[PDB]
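Undergrad: Please see the structure below; I have some questions.
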Ligand SMILES: Cc1c(C(=O)c2cccc3ccccc23)c2cccc3c2n1[C@H](CN1CCOCC1)CO3
Ligand SMILES: CC(C)CCC[C@@H](C)[C@H]1CC[C@H]2[C@@H]3CC=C4C[C@@H](O)CC[C@]4(C)[C@H]3CC[C@]12C
Ligand SMILES: CC(C)CCC[C@@H](C)[C@H]1CC[C@H]2[C@@H]3CC=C4C[C@@H](O)CC[C@]4(C)[C@H]3CC[C@]12C
Ligand SMILES: CC(C)CCC[C@@H](C)[C@H]1CC[C@H]2[C@@H]3CC=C4C[C@@H](O)CC[C@]4(C)[C@H]3CC[C@]12C
Ligand SMILES: CC(C)CCC[C@@H](C)[C@H]1CC[C@H]2[C@@H]3CC=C4C[C@@H](O)CC[C@]4(C)[C@H]3CC[C@]12C
Ligand SMILES: CCCCCCCCCCCCCCCC(=O)O
Ligand SMILES: CCCCCCCCCCCCCCCC(=O)O
Ligand SMILES: CCCCCCCCCCCCCCCC(=O)O
Ligand SMILES: CCCCCCCCCCCCCCCC(=O)O
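Chains as they are written, first to last, in the authors' numbering: chain C, 6 to 66; chain R, 22 to 319; chain B, 1 to 340; chain E, 2 to 121, 136 to 247; chain A, 2 to 354.
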């Protein structure tokens, strides 16, 4: 009875997850590319900022 | 120096070639073990291997300074001013005194290891090890360069064993190094005694323990290791100090000085033996040596 | 004896149907589309601070919203709140159970949480009337070990315990409002979306599930790993997430496409992943591989971009700041290096 | 949060006196403690400071050497022993908490103020205004002029705004002239850039009247302001 | 010096004070032994913890008593906030004598705001609310939904809590200990050693992850009762719990994280083993399992069966022992064995081995 209810809950979860509207991988990939390109300016890890706009700097002692 | 310098052909060949070979191989082994210890930052973090590295550096400096001094005194019979000559003798004395002091620091390290074993990690800190190592080096340099700055044996008679060295300071340095060796003997004696007491206390509670396991106990292995190290130390430092005490007693012929030269060659043999045994007994040093040989081959 | 078998066959048919759907919508992969973008090849980041004061090994860290304070949890009992810009400590909270595996930092900066092996989430108040840090709440409604704690607000915390379920708590009440229970293995990691509406969770059965905190139902389920999942981090757009595993394969799953996009696997790695973080743009992929050093993948071409070496042991957790200024790695050599 | 200090009130000049401040309600063992004089019908002024764990002690320029100070942690008490008192030390003394970290609010709590009467370079904070009559319910602007650029390299300008009610103790209400203290309502704002700072009150109430002080905390000694009062 | 300011220097001074207390606590944690305790469910670890940790031997620490009474006040605040929430989230409305009760709720929030010490007027208003008989009878209805099990002890002693004088007992911390979720830290002192036994228990199903945090440890106590060959603890046809213990010791002793940490293995029930081997021989189990019919050699053979499960490792030694009903012998053996482990690890750190 416990395994039957567990399998029923699992197959209801699979049936609920099956009825989700998909999308083309190309369109979502283009959206992710557009986000990554439009936010590439404010990324100090691929464009290393100078010491003026960098709170992490060398300490003398 | 006519009575100090001994001129003999087979001596001038054989003792020079032997000193050059022993000093060169000791310097190579010391540079190898110093690079092996200082290459790994985890070995630098460990204070016991830091003491072993200080031993290796003192032994390297002993090898190079003793080799250069012995060659310059015997092979070419070079004559120098009293200032730089006493500086050279004091440098040799500083290297050997720092070597004996580093063995004493290693002994006290093992005594704290077997005296308060859980407290050993907190008490003997890397910083405290650096502090006591600096104190040992400064004390060795002070007691060694004392005759350079302090005094010269012009009014009193000088011991024939060492050129331009006063007799009373020779007695004082012999008493100091004898106190160091007596501390080493006392320390390793208490280490072996506490190890025997611990193994006996562990074995006494369980009756079936010693038939149950055929593994050799740590008491026998520790006794063999410390007995080998201390036996090499005693047998290779006893004739040098014994001839120093005999020179304190009376002045005998130049063949005794030749025998002291061969005993100092034996001291250099112990100098090259020491980093070999203090490296090969350490399994982490052996593993790092195999890793460095694999790195050098690749 | 037969009804269970035919429900299992119906579940297998539904899994085959969703697999055929995600295969049918898979006409163009991401690696084929990203052959025209300019690749970044030389990403050299230097360590700027090496935080010191941890006796034992680090297990977690979390940056603040101000990008200046970072929490860190270890086994020595003291959970330390570091100040990044000037290396000095701000608080050292004495923990009750020192066997902690996670920590967090509230988006308001007020509270700080930590789970552990004691199956309890201790939430501490920092900005209090006194100067010490008192135990504010102790959420003890779990059975398995806690793996990741996340703060939504000063009222709602989501925890990933080891009893194959996640929770959603109200802090001052003390009881769990929502229980997210579809996982079969031990739930290992959480990742919140930037709008705090839905979170993904990674268990030991290689299933990364997207849960919704409003209803409490498993919205999505992803399975593409051979081994167990150790870490997840959302993309900054909130429509994708990277996921680490012990099979040496970061995988970037997609939400609208409902499948994996790329696989950040090299050939000379037989080592596990422990933590995964993204930069502000999401171009980089900070992956804490447990071969004693971190790695920087390119999240559009799967190319390596930089090795962050300098740790004597496994890197346990790394985090990118909320503005993108630096990334801090905390490893098992008790160090907190701040790579910039 | 309770600070009760005691000692003095009728002291012959030239004699010593030891003042004890009991600290109940908080972690006293990790609080640097400051002292503040208040002369009759005059403004506040700093005395001394003890760091956490008595590591670093600071004194003012005019009371250096004559005073000594100590901290007893297991009783949570602070002792100020004053030797060779001058005729200008007749004041009300405040012993105040202070904790120093990022986002901290030091000087946040004030003692009740003990009374001690006797029988008979510096960053000068030139507050031009000293009394502004205003009705309740309008925006009130108090200016504070400094003698040194308080904008440090790390970005935070070390000036604090303090409220003192008539017949009460002073109270911190704004720290670092941007942030508000934990307990003040959101009416008080701070503006300005380095040279001159401005306290703006949106609407004034019956509890918002009193004397306003501005403190620089860039360098010791902590020279306070004159104190602009608000009457209705 | 140029970058530093007054508050920056004070923050560095606080950081030095913090790092100092951190290092003091670190060297206090390095002067103490932490050791793991795995055991089978048939074996029984509770009796080992009770014989090793005597209540009379180790009293409650006075320094943590303030933290303990703070936990007591926090549980009292949690109890009364649960009461006022139950009177706020009540499905069927109940008439209240005081309309200010909800404001009293806020007042219980206000005491929740500070939480410095016990507020006397808060205790008074909670006593006035508890004076209503409906508030007292509401607890039985509150037992229905999810509620604290150790709540009636605090909610019935509200007048006793209201007194400022308080009594610390081991029953008081047992009220928090009764939840028994997670690992249990049992702390006992012996011969200037602070042993900390961590028994993980059967709370967690899978241990592929959370064993990796136990890399830094000194010993591994492994208590197995050798009377389990006839006893039954079986989720399948594998009735012999001894094979389960063999697989457990094979998974732990040969684990990659435990390659340098030894295992102190305790044979727990030897008197019951003696009675059940005099009653029936071990030949029924397996032929090769039965080395000899006698008690002693079989008692050797079982521990020999644990000696050869260590796959070729010589840097870790199984310190086997037979558990008897004596507090002195077991604690003394743990002391000597952990001391031997610490001596071997520190000599390996020195390099003398
Ligand atoms: C000089 C010397 C040793 C030599 O054989 C030696 C080496 C090189 C050149 C020489 C030239 C002529 C003569 C001897 C040498 C030697 C050999 C072993 C141990 C030594 C030691 N010393 C030192 C003498 N001390 C000086 C300070 O006061 C106490 C004793 C220190 O201990
Ligand atoms: C010479 C090198 C190895 C440094 C040696 C340092 C030794 C001599 C010093 C430094 C720290 C000292 C220990 C400090 C604290 C204690 C605890 C006390 O209850 C007994 C003495 C004892 C155990 C001291 C013994 C001596 C000690 C270990
Ligand atoms: C210096 C004085 C006070 C103490 C000396 C203690 C040491 C040096 C002596 C005393 C007892 C000796 C031990 C006596 C018995 C044995 C067993 C034998 O099979 C190996 C050697 C061994 C282990 C000896 C080693 C050296 C020993 C430990
Ligand atoms: C240990 C061995 C292998 C190497 C060291 C040998 C030493 C111990 C031997 C070799 C030469 C020996 C010396 C040879 C000659 C004499 C002269 C005699 O009237 C007194 C003893 C004395 C001074 C001997 C003392 C011991 C001695 C120095
Ligand atoms: C490797 C080490 C042990 C080698 C040591 C060699 C020593 C012990 C040998 C080699 C040369 C030997 C010396 C050779 C010549 C003489 C002259 C003779 O009238 C007295 C003995 C004496 C002085 C010998 C003493 C012993 C001696 C010094
Ligand atoms: C009889 C012994 C005399 C020792 C003379 C000084 C030798 C060096 C001592 C180093 C001390 C290092 C710091 C120890 C601090 C402590 O007391 O615990
Ligand atoms: C006054 C000196 C007292 C100590 C004298 C003895 C010093 C230690 C000697 C150890 C000898 C060990 C021999 C081991 C032999 C073996 O392998 O079984
Ligand atoms: C490592 C072995 C140590 C051996 C020590 C040998 C003994 C040295 C003692 C020197 C004392 C000499 C006193 C001589 C006095 C005199 O001139 O009559
Ligand atoms: C005439 C007497 C000569 C005596 C020569 C003694 C030479 C001692 C050599 C010691 C070798 C030690 C080898 C270490 C082996 C290891 O543990 O790895």
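Here a beta-carbon is modelled for each residue, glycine too, at the ideal position from N, C-alpha and C.
Tell me the residue span of the alpha helix (DSSP H) that contains residue 305 of chain R.
TA: Here the alpha helix (DSSP H) through residue 305 of chain R covers 304-318.
Undergrad: Quick check on the burial criterion: 16 or more other C-beta atoms within 10 angstroms. Buried or exposed for residue 289 of chain R?
TA: buried
Undergrad: Runs of 4 residues minimum, wholly inside the segment 111-171 of chain A: which ones carry the alpha helix (DSSP H) assignment?
TA: 121-131, 134-143, 153-157 and 159-163
Undergrad: Could you tell me which whole beta strand (DSSP E) segments of length 3 or greater appear in the segment 28-91 of chain E?
TA: Taken in chain order, the complete beta strand (DSSP E) segments of 3 or more residues contained in the segment 28-91 of chain E are 34-39, 45-51, 58-60, 68-73 and 78-83.
Undergrad: Select from the segment 152-163 of chain B all residues with a C-beta closer than 9 Å to any C-beta belonging to chain C, and list them in chain order.
TA: none
Undergrad: Pairs of beta-carbons, one from the segment 213-233 of chain E and one from the segment 150-170 of chain E, closer than 8 Å: are there three or more?
TA: yes
Undergrad: For residue 283 of chain R, count the other beta carbons within 10 Å of its own beta carbon; 16 or more makes it buried, fewer makes it exposed. Which is it?
TA: By the C-beta density criterion, residue 283 of chain R is exposed, having fewer than 16 other C-beta atoms within 10 angstroms.
Undergrad: Would you mind telling me which residues of chain A sit closer than 7 Å to residue 303 of chain R, beta carbon to beta carbon, in chain order?
TA: Around residue 303 of chain R, the beta-carbon contacts reaching into chain A at under 7 Å are 352.
Undergrad: I'd like to know if residue 19 of chain A contacts chain R, where contact means its C-beta is closer than 8 Å to some C-beta of that chain.
TA: no
Undergrad: From residue 46 of chain A to residue 73 of chain A, what distance separates their C-alpha atoms?
TA: 29 Å
Undergrad: Which residue comes first and which comes last in the alpha helix (DSSP H) that contains residue 209 of chain R?
TA: 188-226
Undergrad: Does the CB of residue 197 of chain B have a neighbour CB from chain C at under 8 Å?
TA: At a cut-off of 8 Å between beta-carbon atoms, residue 197 of chain B makes no contact with chain C.
Undergrad: At a cut-off of 7 Å, would you count residue 216 of chain R as near ligand 7, judging by its Cβ distance to the nearest heavy atom?
TA: no
Undergrad: Alpha carbon to alpha carbon, how far is residue 23 of chain A from residue 148 of chain R?
TA: 17 Å
Undergrad: By alpha-carbon positions, which one of B:99, B:83, B:248 and B:323 ends up nearest to residue 341 of chain B?
TA: Because chain B spans 1 through 340 in this model, residue 341 of chain B falls outside it and cannot be assessed.
Undergrad: Please name the residue, chosen from A:298, A:230 and A:207, that lies closest to residue 117 of chain B on a Cα-to-Cα basis.
TA: A:207
Undergrad: Just the Cα atoms here: how many angstroms apart are residue 7 of chain B and residue 23 of chain C?
TA: 16 Å
Undergrad: Give me the Cα-Cα distance between residue 52 of chain C and residue 319 of chain B, rounded to the nearest whole angstrom.
TA: Those two C-alpha atoms are separated by around 18 Å.
Undergrad: Opposite residue 260 of chain A in the DSSP bridges: which residues?
TA: Paired residue(s): none; residue 260 of chain A is not in a bridge.
Undergrad: So, for residue 244 of chain R: in the same chain, excluding its five sequence neighbours on each side, which residues have a beta-carbon less than 7 Å away from its beta-carbon?
TA: 213
Undergrad: Residues of the segment 284-314 of chain R with a CB closer than 7 Å to any CB of chain A: list them in chain order, please.
TA: 302, 303, 304, 305 and 306
Undergrad: Please determine if the segment 222-241 of chain B and the segment 33-49 of chain C are in contact, where contact requires at least 3 C-beta pairs separated by less than 8 Å.
TA: A contact exists between the segment 222-241 of chain B and the segment 33-49 of chain C.
Undergrad: Kindly indicate which residue of E:162, E:212, E:157 and E:203 has the alpha-carbon position closest to the one of residue 245 of chain E.
TA: E:157
Undergrad: What is the DSSP secondary structure of residue 188 of chain A, reduced to helix, strand or coil?
TA: strand
Undergrad: Examine ligand 5 and report whether any of its heavy atoms sits within less than 7 Å of the Cβ of residue 88 of chain R.
TA: no
Undergrad: Just to confirm, are residue 180 of chain E and residue 225 of chain E a CB contact at a threshold of 8 Å?
TA: yes
Undergrad: Residue 195 of chain B: beta carbon under 7 Å from a heavy atom of ligand 2?
TA: No, ligand 2 has no heavy atom inside 7 Å of this Cβ.
Undergrad: For chain C, check one thing: does any of its Cβ atoms lie closer than 8 Å to the Cβ of residue 337 of chain B?
TA: The beta-carbon of residue 337 of chain B is placed no less than 8 Å from the nearest beta-carbon of chain C.
Undergrad: For residue 47 of chain E and residue 236 of chain E, I'd like the C-alpha separation in whole angstroms.
TA: 7 Å
Undergrad: Cβ closer than 8 Å: which chain A residues qualify as neighbours of residue 77 of chain B?
TA: What residue 77 of chain B touches in chain A: 26 and 30.
Undergrad: For the segment 120-148 of chain B, which residues have a CB atom closer than 9 Å to at least one CB atom of chain A, in sequence order?
TA: 120, 125, 128, 129, 130, 134, 135, 136, 137, 138, 140, 141, 142, 143, 144, 145 and 147
Undergrad: Under a three-way DSSP split, which group does residue 337 of chain B fall into?
TA: strand
Undergrad: Where residue 249 of chain A and residue 135 of chain R are concerned, what is the direct C-alpha to C-alpha distance, given to the nearest angstrom?
TA: 34 Å
Undergrad: Please list, in chain order, all residues of the same chain as residue 184 of chain A whose beta carbon is under 6 Å from its beta carbon, the five residues on each side excluded.
TA: For residue 184 of chain A, where only same-chain residues beyond five positions count, the Cβ hits under 6 Å are 199 and 201.
Undergrad: Can you tell me which of E:204, E:214, E:209 and E:199 puts its alpha carbon nearest to the alpha carbon of residue 144 of chain E?
TA: E:214
Undergrad: For residue 320 of chain A, which option in A:166, A:339, A:179 and A:111 has the closest C-alpha, if you only look at C-alpha atoms?
TA: A:339
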